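Undergrad: So that we are looking at the same thing, I have put the structure below in C-alpha cells.
Nothing in this text is a laboratory measurement; each read-out follows from the coordinates by a stated rule. Quick reminder, even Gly has a Cβ in these numbers, built from the backbone with ideal geometry, and neighbours come from all protein chains shown.
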Amino acid sequence: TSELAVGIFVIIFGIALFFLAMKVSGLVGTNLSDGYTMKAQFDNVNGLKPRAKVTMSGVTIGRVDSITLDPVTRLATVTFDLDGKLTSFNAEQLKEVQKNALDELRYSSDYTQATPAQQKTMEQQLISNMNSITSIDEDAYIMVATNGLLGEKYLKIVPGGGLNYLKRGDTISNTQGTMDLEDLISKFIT
Amino acid sequence: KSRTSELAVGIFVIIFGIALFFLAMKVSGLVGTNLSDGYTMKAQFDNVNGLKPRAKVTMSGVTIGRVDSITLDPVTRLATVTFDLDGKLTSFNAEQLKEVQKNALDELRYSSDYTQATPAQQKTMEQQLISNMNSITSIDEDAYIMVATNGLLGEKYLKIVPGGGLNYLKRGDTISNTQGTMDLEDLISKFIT
Amino acid sequence: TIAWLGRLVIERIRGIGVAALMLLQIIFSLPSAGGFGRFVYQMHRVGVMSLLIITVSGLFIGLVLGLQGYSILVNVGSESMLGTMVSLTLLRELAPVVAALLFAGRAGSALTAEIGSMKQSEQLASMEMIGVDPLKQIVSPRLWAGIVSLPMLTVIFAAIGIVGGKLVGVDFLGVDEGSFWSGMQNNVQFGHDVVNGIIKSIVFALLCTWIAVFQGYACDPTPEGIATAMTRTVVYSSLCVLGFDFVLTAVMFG
C-alpha cells in the first residue's frame with residue numbers, strides 16, 4: 001500500500017539531501033562564535049603563521065587573523081580573534097570589576113580631594129568603560145611564541161593586574177620583542 | 001508465490017539490524033570508550049602550556065588515566081584541568097583496604113591523639129573516617145600534580161606524585177598541591193640572563 | 001510521484017532478505033562430497049584466469065607507491081621510510097582493496113553473467129526434474145572457488161607490489177637495500193600486519209562472491225536483466241567492500 005511507500009519515501013530521502021549539505025558546510029566554512037577583535041604592534045614577527053594560536057596562561061583563547069606590514073614605519077601589525085566566553089565572560093564578571101573598582105578607586109587622593117560630584121563622575125565613567133571590556137589588564141604584554149623545540153607558532157598574552165582594561169576593539173600597546181637566532185649568535189649569547 | 005514474500009522481509013530486517021549493530025559496536029574499540037572505571041578529579045594550575053585533551057596521566061610511570069578537558073577561569077587566571085582515572089588501578093582491593101584502614105587508624109589514634117578522646121568520640125571518628133573510605137582512591141593528602149613532557153619532542157601530559165600522607169582523597173574532589181611548567185624564554189631568564 | 005522511491009527501497013531491501021536465505025542454504029547443507037571433486041575445475045575460471053590482471057595491477061601500484069613515497073620522503077626519511085611505507089600500505093590497505101575490486105570486476109561480473117545465462121536459457125531449471133538440486137551442483141563449487149581464490153590473489157598482489165616498490169625506490173632512485181629490508185622487518189609484524197590483510201581478504205571474498213551468485217540467480221527471466229545484473233554486481237560488491245573495509249581497519253589498527 002501507499003501508506004508504507006510514502007513513509008519510506010520520506011525517511012532517508014528527506015534526511016540525505018540536507019545531510020550532505022550540512023555535514024560539509026559545518027566542517028568547511030559555516031560557523032558561529034561570540035568573537036571579539038583586537039590589534040597589536042610588533043617589531044619583528046619572524047615566522048609567525050597566519051593561523052597560529054593565541055593564549056593566556058596556556059589556555060587557548062583565540063587565533064591570529066592577519067599579518068601585515070606598514071611600509072612607512074616598517075612595523076608589523078597583527079590582528080587577533082578572541083572568543084568572549086573565555087574572556088569577558090559573563091555578567092558576574094562585570095559586577096566583580098565594579099566591586100574591584102569600589103576597592104581600588106577611592107583608595108587615593110583622586111577621591112579624597114574630589115567633591116561628591118567628581119566622585120560620581122569617576123564612578124560613572126568607570127561603569128561606562130567596564131561595560132565593554134574583555135578583561136585583559138593594561139599592564140599586559142604581548143609576545144610571539146612556538147609549540148616547542150620543533151613545531152608551529154603562537155602568541156602568549158600574559159597579564160600583570162590593576163583596574164585598567166583594554167576596551168574591546170582597542171590596541172594592546174605595551175608590547176615587546178621576538179626571539180631570533182641570528183642575533184643571539186652575533187652577540188655570543190648562551 | 002505470495003507466501004514467500006513476508007519471510008523475506010523479516011529476514012532482511014534482522015540481518016540488517018545486526019549489521020548496523022556490528023558497526024556501532026565494533027568501532028568502540030577505538031572511538032567513544034573511556035577504557036576505565038570512570039572516576040574523575042580536578043586540579044588547578046598556573047601554566048598548562050602545551051597540554052592536549054587526551055594526554056596521558058601517570059603514577060610511578062604507569063599509565064593510570066586521561067586529561068579530558070582544559071579551561072580558563074578569567075578572574076583567577078588559573079587553568080582548571082579535569083582528570084579521568086581508572087579505579088582498577090587507583091582503588092584499593094578490599095583486602096588491601098582492610099590493611100589501609102587499620103594502619104591509618106593506628107597512626108591516628110596512637111601517634112596522634114584519638115586515644116585521648118572520649119571513647120564515644122573515638123568510636124565516632126573511627127566509624128566515619130573509615131566508612132568515608134568507601135569513596136576513596138590511593139592518592140593521598142600530600143600528593144602533587146605537575147605537567148610533564150613525554151619525549152624530547154612530543155605532547156605534554158600530567159604526572160601524579162604520591163606519598164607521605166595518611167588519609168585519602170575522595171573521588172570527585174580536587175587535589176590541592178600543584179606546580180606549573182616552565183616556558184623556554186623563562187628558563188633562559190632564570191638561569192642564563 | 002514520491003511513493004515510487006518508497007516502493008523501490010522496499011523491494012530492494014526485501015531482496016537482501018532473500019539473499020540471506022539463499023546463503024544459508026548453500027553453506028548450511030552440502031553432503032554431496034562425491035560431486036565436489038569438480039570444484040577444482042571451477043577454480044580455473046575464478047583463480048587461474050585472473051592472475052594476469054592482479055599481477056599487472058600489483059606491479060603498477062608498487063611502482064606508483066615507490067615514486068610518490070620517494071618524492072615526499074626525501075624530506076623525511078626515505079632510507080628508513082620507503083621500506084616501512086611500501087610494506088605497510090600494501091599489507092594493510094591496498095592488497096585487500098585493490099585486489100578485491102579488480103576481482104569484483106573480472107570474476108564478479110563474469111560469474112554473475114554465467115549464472116544469469118544458466119537461468120535465462122532455462123537450462124538450470126531443467127535440472128529440477130532430474131532430481132539434481134542446482135544449488136549443490138551449480139552454485140556450490142562457484143561460491144567455494146571464490147572463497148579460496150581471492151585470498152590467494154590478495155597475497156600475490158602484495159608480493160608483486162613489494163617488487164614494484166623496491167624496483168624503483170631502491171634500485172633506480174638511490175636507497176640502501178639494508179635499511180629497506182630491515183626497516184620492513186622492524187615495523188611489519190606477522191602478528192598482525194600480514195594476518196590482518198588476510199582476514200580482511202576472507203571477509204571480502206565471501207561478501208563479494210555471495211553477491212555475485214545472488215544477483216545472477218535473478219527472479220525475472222527477461223534478457224534486459226542480464227545486463228542489469230552485471231552492472232549491479234559490480235556496484236554492490238564495490239560499496240560493500242569499502243564499507244566493511246572501514247570498519248575492519250578501524251578495529252584492527254585502533
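Undergrad: Restricting attention to region C:146-167, does a residue exist that is over 27 Å from residue C:44 (Cβ atoms), loosely packed, with under 15 Cβ neighbours inside 10 Å and charged (D, E, K, R)?
TA: no
Undergrad: Another question, then. Among the residues of region C:168-209, what is the count of those that are under 29 Å from the mean Cα position of the chain (by Cα) and not in a helix (DSSP H, G or I)?
TA: 2
Undergrad: Specify which of the listed residues (C:131, C:62, C:66) is under 30 Å from residue C:22 (Cα atoms) and not acidic (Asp, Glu).
TA: C:131
Undergrad: Which residues, taken from region A:81-109, are among the aliphatic types (A, V, I, L, M) and either within 30 Å of residue A:51 (Cβ to Cβ) or more than 10 Å from every other protein chain (Cβ to nearest Cβ) (or both)? Walk me through how you get there before you give the answer.
TA: Just the residues of region A:81-109 that are among the aliphatic types (A, V, I, L, M), to begin with: A:82, A:86, A:91, A:94, A:97, A:101-102, A:105.
Within region A:81-109, A:82, A:86, A:91, A:94, A:101, A:102, A:105 meet the criteria.
Undergrad: Would you point out which residue out of B:187, B:153 is within 14 Å of chain A (Cβ to nearest Cβ), closer than 30 Å to residue A:150 by Cα and assigned to a loop (DSSP other than H, G, I, E, B)?
TA: When all the criteria are applied, what remains is B:153.
Undergrad: With (1) farther than 24 Å from residue C:197 by Cα; (2) surrounded by 14 or more Cβ atoms within 10 Å (Cβ to Cβ); (3) among the polar types (S, T, N, Q) as the list, and residue C:75 as the residue in question, which single condition is left unmet?
TA: Every listed condition holds for residue C:75 apart from (2).
Undergrad: If you check residue A:117 against the conditions, is it without any contact (Cβ under 8 Å) to a residue 60 or more places away in the chain, more than 10 Å from chain B (Cβ to nearest Cβ) and loosely packed, with under 12 Cβ neighbours inside 10 Å?
TA: yes
Undergrad: Quick one: which residue in C:227, C:159, C:212 is assigned to a helix (DSSP H, G or I) and without any contact (Cβ under 8 Å) to a residue 40 or more places away in the chain?
TA: Only one candidate qualifies: C:227.
Undergrad: Search region C:1-27 for residues being within 14 Å of chain A (Cβ to nearest Cβ) and among the aliphatic types (A, V, I, L, M), and hand back the single one that is nearest to residue C:210 (Cα to Cα).
TA: Applying the filter and picking the extreme gives C:13.
Undergrad: Also: From the set of residues in region C:190-228 that are of a type in the set (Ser, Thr, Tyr) and surrounded by 19 or more Cβ atoms within 10 Å (Cβ to Cβ), which is farthest from residue C:98 (Cα to Cα)?
TA: Here the answer is C:217.
Undergrad: Please work out if residue C:242 is surrounded by 15 or more Cβ atoms within 10 Å (Cβ to Cβ) and either part of a helix (DSSP H, G or I) or not hydrophobic (A, V, I, L, M, F, W, C) (or both).
TA: no
Undergrad: For region B:23-43, enumerate the residues that are within 14 Å of chain C (Cβ to nearest Cβ) and either touching a strand residue (DSSP E or B) at 6+ places or on another chain (Cβ under 7 Å) or farther than 30 Å from residue B:168 by Cβ (or both).
TA: Selection gives B:23, B:24, B:25, B:26, B:27, B:28, B:29, B:30, B:31, B:32.
Undergrad: Considering each residue of region B:44-80, count those that are closer than 21 Å to residue B:183 by Cβ, within 11 Å of chain A (Cβ to nearest Cβ) and among the aliphatic types (A, V, I, L, M), and give that number.
TA: Selection size over region B:44-80: 6.
Undergrad: Output the residues belonging to region A:7-20 that are among the aliphatic types (A, V, I, L, M) and surrounded by 11 or more Cβ atoms within 10 Å (Cβ to Cβ).
TA: A:8, A:10, A:11, A:12 - these are the residues of region A:7-20 that are among the aliphatic types (A, V, I, L, M) and surrounded by 11 or more Cβ atoms within 10 Å (Cβ to Cβ).
Undergrad: Inspect region A:159-172 for any residue being within 13 Å of another protein chain (Cβ to nearest Cβ), without any contact (Cβ under 8 Å) to a residue 60 or more places away in the chain and either more than 30 Å from residue A:66 (Cα to Cα) or in contact with a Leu (Cβ under 7 Å, 6 or more places away or on another chain) (or both) and give the result as yes or no.
TA: The answer is no, given that none of the residues of region A:159-172 is within 13 Å of another protein chain (Cβ to nearest Cβ), without any contact (Cβ under 8 Å) to a residue 60 or more places away in the chain and either more than 30 Å from residue A:66 (Cα to Cα) or in contact with a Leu (Cβ under 7 Å, 6 or more places away or on another chain) (or both).
Undergrad: Which residues, counting only those in region A:105-140, are more than 18 Å from residue B:75 (Cα to Cα), in a loop (DSSP other than H, G, I, E, B) and among the hydroxyl-bearing types (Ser, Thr, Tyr)?
TA: If the condition is that a residue be more than 18 Å from residue B:75 (Cα to Cα), in a loop (DSSP other than H, G, I, E, B) and among the hydroxyl-bearing types (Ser, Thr, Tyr), then A:107, A:108, A:115 are the ones that fit.
Undergrad: Going by the structure shown, is residue B:20 within 24 Å of residue C:253 (Cα to Cα), more than 7 Å from every other protein chain (Cβ to nearest Cβ) and not in a helix (DSSP H, G or I)?
TA: no
Undergrad: Determine which member of the set C:83, C:69, C:108, C:35 is closer than 27 Å to residue C:218 by Cβ and either within 19 Å of the chain's Cα centre (by Cα) or crowded, with 16+ Cβ neighbours inside 10 Å (or both).
TA: C:108
Undergrad: Can you list the strands (runs of 3 or more DSSP E) found entirely within region B:25-77 that contain at least 2 residues being touching a helix residue (DSSP H, G or I) at 6+ places or on another chain (Cβ under 9 Å) and free of Cβ contacts under 8 Å to residues at least 24 places away in the same chain?
TA: B:62-73
Undergrad: What pairs come up if the first residue lies in region B:92-109 and is small (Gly, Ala, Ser), the second is assigned to a helix (DSSP H, G or I), and their beta carbons are under 8 Å apart, counting only those six or more places apart or on different chains?
TA: Pairs found: B:104/B:129.
Undergrad: Could you grab me the full set of residues in region A:122-175 that are basic (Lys, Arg) and on the phi > 0 side of the Ramachandran plot?
TA: Those that are basic (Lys, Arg) and on the phi > 0 side of the Ramachandran plot: none in region A:122-175.
Undergrad: Given (1) within 14 Å of chain B (Cβ to nearest Cβ); (2) touching a helix residue (DSSP H, G or I) at 6+ places or on another chain (Cβ under 7 Å); (3) farther than 28 Å from residue A:31 by Cβ, where does residue A:177 come up short, assuming only one miss?
TA: Condition not satisfied by residue A:177: (2).
Undergrad: Quickly run through region B:1-17 and pick out the residues that are of a type in the set (D, E, K, R) and either part of a helix (DSSP H, G or I) or within 9 Å of another protein chain (Cβ to nearest Cβ) (or both).
TA: Within region B:1-17, B:3, B:6 meet the criteria.
Undergrad: Another question, then. Would you mention how many residues in region B:75-90 are among the small types (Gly, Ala, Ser) and within 16 Å of residue B:175 (Cβ to Cβ)? Full working, then the answer.
TA: Kept after step one, since they are among the small types (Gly, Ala, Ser), are these residues of region B:75-90: B:79, B:87.
Filter again for within 16 Å of residue B:175 (Cβ to Cβ), leaving B:79.
Qualifying residue count, region B:75-90: 1.
Undergrad: Something else about it: Among the listed residues C:253, C:244, C:172, identify the single one that is over 21 Å from residue C:16 (Cα atoms) and within 14 Å of another protein chain (Cβ to nearest Cβ).
TA: C:253
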